[PDB]
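Worksheet: one structure, shown below.
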Amino acid sequence: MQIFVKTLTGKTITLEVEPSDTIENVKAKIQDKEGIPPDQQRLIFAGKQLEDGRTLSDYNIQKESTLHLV
Ligand SMILES: [Zn+2]
Ligand SMILES: [Zn+2]
């Protein structure tokens with residue numbers, strides 16, 4: 001599935017991911033795109049703070065969803 005991640009600058013990155021992907025996995029993908037270290041990445045989805053060991057599906061993250069780096 002496809003999701004979007006908004007960096008702190010409003011930049012939009014596109015990610016190809018799976019429902020069982022962990023935030024840590026996503027976090028790894030963001031690092032590759034922008035060079036942003038995972039430990040400095042904080043992801044939020046629909047007002048929910050996302051934990052590294054949980055999956056996208058665990059947060060009801062669906063196709064075309066948008067995540068925010070904070
Ligand atoms: Zn897909
Ligand atoms: Zn994956």
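Identifiers in the structure tokens: chain A, B, ... in order shown; residue index from 1 per chain; ligand index from 1 in order shown.
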Site check for ligand 2: residues at most 9 Å away, only C-alpha atoms and all ligand atoms, as number ranges by chain: A: 16-22, 25-26
Excluding same-chain residues fewer than 4 positions from residue 51 of chain A, what lies within 9 Å of it counting only C-alpha atoms, as a PDB file with N, CA and C atoms, in the first residue's frame?
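Below is the file that was written, selection-v3.pdb:
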```
ATOM      1  N   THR A  22       6.173  -2.172  10.400  1.00  0.00           N
ATOM      2  CA  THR A  22       6.243  -1.497  11.696  1.00  0.00           C
ATOM      3  C   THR A  22       6.611  -0.033  11.472  1.00  0.00           C
ATOM      4  N   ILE A  23       6.437   0.823  12.482  1.00  0.00           N
ATOM      5  CA  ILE A  23       6.802   2.238  12.343  1.00  0.00           C
ATOM      6  C   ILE A  23       8.313   2.299  12.145  1.00  0.00           C
ATOM      7  N   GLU A  24       9.008   1.362  12.782  1.00  0.00           N
ATOM      8  CA  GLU A  24      10.455   1.233  12.670  1.00  0.00           C
ATOM      9  C   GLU A  24      10.837   0.986  11.202  1.00  0.00           C
ATOM     10  N   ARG A  42       9.838  11.380  14.589  1.00  0.00           N
ATOM     11  CA  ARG A  42       8.675  11.160  15.430  1.00  0.00           C
ATOM     12  C   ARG A  42       7.480  11.179  14.500  1.00  0.00           C
ATOM     13  N   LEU A  43       6.766  10.064  14.416  1.00  0.00           N
ATOM     14  CA  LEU A  43       5.631  10.014  13.513  1.00  0.00           C
ATOM     15  C   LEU A  43       4.297  10.077  14.224  1.00  0.00           C
ATOM     16  N   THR A  55       2.437  -1.845  14.087  1.00  0.00           N
ATOM     17  CA  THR A  55       2.329  -1.827  12.632  1.00  0.00           C
ATOM     18  C   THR A  55       1.395  -0.747  12.129  1.00  0.00           C
TER      19      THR A  55
END
```
| said: Give me, as a ChimeraX atom specification, all polymer residues having an atom no more than 12 Å from residue 47 of chain A, counting only C-alpha atoms and skipping those fewer than 3 positions away in the same chain. | reply: /A:43-44,50,59,66-70
Just list the residues in chain A DSSP gives alpha helix (DSSP H) on the backbone, as a VMD selection string.
-> chain A and resid 23 to 34
If you keep C-alpha atoms, can you produce a file of those selected residues as an mmCIF file, in the first residue's frame?
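Saved file part20.cif follows:
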```cif
data_model
loop_
_atom_site.group_PDB
_atom_site.id
_atom_site.type_symbol
_atom_site.label_atom_id
_atom_site.label_comp_id
_atom_site.auth_asym_id
_atom_site.auth_seq_id
_atom_site.Cartn_x
_atom_site.Cartn_y
_atom_site.Cartn_z
ATOM 1 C CA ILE A 23 6.802 2.238 12.343
ATOM 2 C CA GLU A 24 10.455 1.233 12.670
ATOM 3 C CA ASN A 25 10.325 -0.138 9.091
ATOM 4 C CA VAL A 26 8.735 3.096 7.864
ATOM 5 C CA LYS A 27 11.233 5.047 9.884
ATOM 6 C CA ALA A 28 13.963 3.153 8.005
ATOM 7 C CA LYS A 29 12.404 4.183 4.663
ATOM 8 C CA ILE A 30 12.276 7.820 5.687
ATOM 9 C CA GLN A 31 15.958 7.705 6.623
ATOM 10 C CA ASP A 32 16.852 6.523 3.072
ATOM 11 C CA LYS A 33 14.759 9.219 1.405
ATOM 12 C CA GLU A 34 15.925 12.230 3.431
#
```
Subject >> Contact residues around residue 3 of chain A with only C-alpha atoms at 7 Å, ignoring same-chain residues under 6 positions, as number ranges by chain >> reply: A: 14-16, 63-66
What does the file look like for those residues with C-alpha atoms, as a tab-separated table (two decimals), in the first residue's frame?
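This is the output file result_24.tsv:
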```tsv
chain	number	residue	atom	x	y	z
A	14	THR	CA	5.83	8.82	-0.90
A	15	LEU	CA	6.25	5.39	0.59
A	16	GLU	CA	5.31	1.97	-0.66
A	63	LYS	CA	-3.96	3.39	1.52
A	64	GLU	CA	-3.44	7.08	0.80
A	65	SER	CA	-3.04	7.88	4.53
A	66	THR	CA	-0.75	10.74	5.57
```
Output as a PDB file with N, CA and C atoms, in the first residue's frame all residues of chain A that backbone DSSP marks as strand (DSSP E).
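Below is the file that was written, part31.pdb:
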```pdb
ATOM      1  N   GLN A   2       0.264   2.384  -0.418  1.00  0.00           N
ATOM      2  CA  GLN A   2       0.971   3.661  -0.506  1.00  0.00           C
ATOM      3  C   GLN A   2       0.549   4.617   0.602  1.00  0.00           C
ATOM      4  N   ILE A   3       1.534   5.220   1.258  1.00  0.00           N
ATOM      5  CA  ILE A   3       1.273   6.192   2.307  1.00  0.00           C
ATOM      6  C   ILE A   3       2.159   7.396   2.079  1.00  0.00           C
ATOM      7  N   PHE A   4       1.821   8.503   2.726  1.00  0.00           N
ATOM      8  CA  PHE A   4       2.605   9.716   2.570  1.00  0.00           C
ATOM      9  C   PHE A   4       3.121  10.149   3.917  1.00  0.00           C
ATOM     10  N   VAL A   5       4.298  10.754   3.911  1.00  0.00           N
ATOM     11  CA  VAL A   5       4.883  11.233   5.140  1.00  0.00           C
ATOM     12  C   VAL A   5       5.276  12.678   4.900  1.00  0.00           C
ATOM     13  N   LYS A   6       4.801  13.538   5.790  1.00  0.00           N
ATOM     14  CA  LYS A   6       5.083  14.954   5.731  1.00  0.00           C
ATOM     15  C   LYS A   6       6.218  15.286   6.682  1.00  0.00           C
ATOM     16  N   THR A  12       6.680  16.398   1.048  1.00  0.00           N
ATOM     17  CA  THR A  12       5.928  15.155   0.989  1.00  0.00           C
ATOM     18  C   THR A  12       6.723  14.033   0.343  1.00  0.00           C
ATOM     19  N   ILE A  13       6.855  12.946   1.090  1.00  0.00           N
ATOM     20  CA  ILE A  13       7.568  11.804   0.574  1.00  0.00           C
ATOM     21  C   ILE A  13       6.540  10.721   0.376  1.00  0.00           C
ATOM     22  N   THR A  14       6.763   9.887  -0.626  1.00  0.00           N
ATOM     23  CA  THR A  14       5.829   8.817  -0.896  1.00  0.00           C
ATOM     24  C   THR A  14       6.464   7.514  -0.452  1.00  0.00           C
ATOM     25  N   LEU A  15       5.682   6.633   0.147  1.00  0.00           N
ATOM     26  CA  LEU A  15       6.252   5.387   0.592  1.00  0.00           C
ATOM     27  C   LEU A  15       5.402   4.236   0.092  1.00  0.00           C
ATOM     28  N   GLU A  16       6.051   3.139  -0.264  1.00  0.00           N
ATOM     29  CA  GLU A  16       5.305   1.971  -0.660  1.00  0.00           C
ATOM     30  C   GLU A  16       5.456   1.085   0.551  1.00  0.00           C
ATOM     31  N   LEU A  43       6.766  10.064  14.416  1.00  0.00           N
ATOM     32  CA  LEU A  43       5.631  10.014  13.513  1.00  0.00           C
ATOM     33  C   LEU A  43       4.297  10.077  14.224  1.00  0.00           C
ATOM     34  N   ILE A  44       3.382  10.827  13.626  1.00  0.00           N
ATOM     35  CA  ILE A  44       2.039  10.990  14.157  1.00  0.00           C
ATOM     36  C   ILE A  44       1.069  10.669  13.030  1.00  0.00           C
ATOM     37  N   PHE A  45      -0.053  10.066  13.385  1.00  0.00           N
ATOM     38  CA  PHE A  45      -1.097   9.729  12.432  1.00  0.00           C
ATOM     39  C   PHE A  45      -2.438   9.936  13.078  1.00  0.00           C
ATOM     40  N   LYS A  48      -2.394  10.565  16.685  1.00  0.00           N
ATOM     41  CA  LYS A  48      -1.836   9.469  17.470  1.00  0.00           C
ATOM     42  C   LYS A  48      -0.319   9.367  17.331  1.00  0.00           C
ATOM     43  N   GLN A  49       0.363   9.276  18.470  1.00  0.00           N
ATOM     44  CA  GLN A  49       1.810   9.145  18.471  1.00  0.00           C
ATOM     45  C   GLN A  49       2.086   7.680  18.157  1.00  0.00           C
ATOM     46  N   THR A  66      -1.870   9.807   5.429  1.00  0.00           N
ATOM     47  CA  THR A  66      -0.754  10.742   5.566  1.00  0.00           C
ATOM     48  C   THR A  66      -0.171  10.760   6.974  1.00  0.00           C
ATOM     49  N   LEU A  67       1.142  10.585   7.089  1.00  0.00           N
ATOM     50  CA  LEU A  67       1.784  10.631   8.394  1.00  0.00           C
ATOM     51  C   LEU A  67       2.588  11.926   8.508  1.00  0.00           C
ATOM     52  N   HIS A  68       2.780  12.407   9.731  1.00  0.00           N
ATOM     53  CA  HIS A  68       3.542  13.632   9.968  1.00  0.00           C
ATOM     54  C   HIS A  68       4.782  13.421  10.826  1.00  0.00           C
ATOM     55  N   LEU A  69       5.891  14.023  10.420  1.00  0.00           N
ATOM     56  CA  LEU A  69       7.101  13.968  11.221  1.00  0.00           C
ATOM     57  C   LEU A  69       7.014  15.167  12.139  1.00  0.00           C
TER      58      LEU A  69
END
```
